[PDB]
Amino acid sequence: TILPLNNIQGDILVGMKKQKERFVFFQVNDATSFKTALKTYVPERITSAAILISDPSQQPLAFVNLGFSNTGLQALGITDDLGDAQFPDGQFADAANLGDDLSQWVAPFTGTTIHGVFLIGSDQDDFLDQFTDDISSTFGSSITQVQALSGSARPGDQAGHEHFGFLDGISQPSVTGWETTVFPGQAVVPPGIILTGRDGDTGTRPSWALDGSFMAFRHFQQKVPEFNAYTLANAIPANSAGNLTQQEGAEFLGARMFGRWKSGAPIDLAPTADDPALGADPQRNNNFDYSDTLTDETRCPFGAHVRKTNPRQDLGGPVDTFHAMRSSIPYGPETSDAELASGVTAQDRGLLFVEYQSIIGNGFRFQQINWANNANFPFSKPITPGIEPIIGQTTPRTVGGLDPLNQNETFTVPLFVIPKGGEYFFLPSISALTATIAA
């Protein structure tokens, strides 16, 4: 079905994969002025998939994508019904459903004043400042940047790992419609699961929404010291392979909670010990489907993060409907001595989470509500799965199966991932930005 890679905002389909990234949130002050600026800004800065997959030699110093909130489209006079059920009322209005603690959200997210967001991906912060200025210059006061969240890859060997220390970005759906390599174990879905209007999208979209996509953005603050402290105070005693020490048991616990070792080695393949080499191998680190641990939790818990967000075999076989693309990035400094040596967070660090799907309710929202937060999911298992330890928000946050030996044992885990704000955005096709929004 050959997708128009030159017209699709790159981050939706390929992911910026740049070291630094900045999210510039803004509200529209003067619509007319804004659309006019848009007409000159897009062709000059909005980077497409085609540009991201082309050789470095011709890529910008920084990538820029742009998304709008419902109130943003409203402010710009674009009143078409995009067809998604959550997008219209905003995420904060949906936060309770996600199981969020509203007291934790902070402005300017605690409402719908945010009209859209500019995603700037570059390798150096100074380039980030350069393009940031270019934005508030091309647009001047026709808009007002209300907040900017910036993130960067963690140092050295940690690059690519989120702040709890786990390698992130391993498993991603592969969509048909473009020449691309498929890793063994990688889901292959119709372009409609991610791009609105395309094949597989069950929603009813206006024609201009073609090749667009909804972004679920979550500003997460992570309590790292607390996380470690907790795994030590709960280190798993042993497993098939033998008795585990303190560290060993703690490391094993963390891995049991995620479904992967901090190295990326999926526990359904390295069930009793880490396999660094396997983790670093994209041709092997994702070739599993729990088909060998369906009715028992020896190889992998029923409620491990990755298994809850992508149950794979736990639901019969392949299913397109619930896959989504992720393009998140860590933020904040590393954990100090005074921090870990106290088990109490003393600095702001976390994840700037970005998830793309044609239907919010079938991706992020589904993974969150229907799976992660559902104690009875995966369905019909010998032992109750429980609440996903990492992002599940149903209380009591009780998850079972962590200890492979005495599986029935349950653990009520403290929430280490804290929602500070979020929003639902729509990223139109590059052409739509000018033919419809700026029109």
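Throughout, we count residues from 1 along the sequence that is shown.
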For the higher mean C-alpha B factor in the entry, choose 236-244 or 266-274.
-> 236-244
Going by the B-factors listed in the PDB entry, is the mean over the C-alpha atoms higher for 334-342 or for 304-312?
-> 334-342
Per the PDB entry, which option out of 32, 54, 65, 69 has the greatest Cα B factor?
-> 54
Going by the deposited entry, which of 328, 358, 295, 110 has the highest CA temperature factor?
-> 295
Ranked by Cα temperature factor within the chain, is residue 5 in the lowest third, the middle third or the highest third?
-> middle
Divide the modelled residues of the chain into thirds by Cα B-factor and specify which third, lowest, middle or highest, holds residue 168.
-> middle
Select lowest, middle or highest to describe the third in which the CA B-factor of residue 18 falls within its chain in this entry.
-> highest
On the chain's distribution of Cα B-factors, residue 352 falls within the third called lowest
CA B-factor placement of residue 41, once the chain's modelled residues are sorted into thirds = middle
